[PDB]
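Only one chain is shown below, in structure tokens, and it's the form deposited in one PDB entry.
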């Protein structure tokens, strides 16, 4: 049986300097995802992500999640997941992505990645 390569996930280069804060808006728009569990992860080689911060399950509006220098927030009203990394270190450089936990029997809607490049002043 044949499995095609009919998909590509880009890496939107996002550059900032050390000390500065990362601000990303992950517009899932479809309220059909509001209650869905979402997370922010750093992508390791082989498409193996490591979860840095996730929302509760279900995900209730206006309940920011703080994990270290990470702030995750699910705004249902505008249907978007807002992610933030304060006081970026150069070591933070890497591939990141927002993720919406969705069931196996349904096609998955995927966010493109963020190639974070943190530089020195």
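Residue numbers count along the first chain shown, from 1. Between two forms, the rigid core is the largest collection of C-alphas that superpose within 1.5 Å.
> Should the higher mean CA B-factor in the entry be assigned to 85 to 93 or to 54 to 62?
The deposited B-factors put 54 to 62 ahead on the C-alpha mean.
> Per the entry, where is the mean C-alpha temperature factor higher: 94 to 102 or 17 to 25?
Taking the mean C-alpha B-factor of 94 to 102 and of 17 to 25, the larger value falls to 17 to 25.
> Looking at 44, 69, 38, 76, which has the biggest Cα B factor in the entry?
Going by the entry's C-alpha B-factors, 76 comes out highest.
Keep in mind that the form deposited in another entry is missing from the display, and what follows is about it.
> For residue 29, is the CA shift between the shown form and the other one at least 2 Å following rigid-core superposition?
Comparing the forms between the shown form and the other one, which are aligned on their rigid core, residue 29 does shift its C-alpha by 2 Å or more.
> Taking the rigid core as reference, does the Cα of residue 110 move 2 Å or more between the shown form and the other one?
Shift at residue 110: 2 Å or more after core fit.
> Might you say whether the CA atoms of residue 103 and residue 33 end up closer or farther apart in the other form than in this form? Their distance differs by 3 Å or more.
Their C-alpha distance grows by at least 3 Å in the other form.
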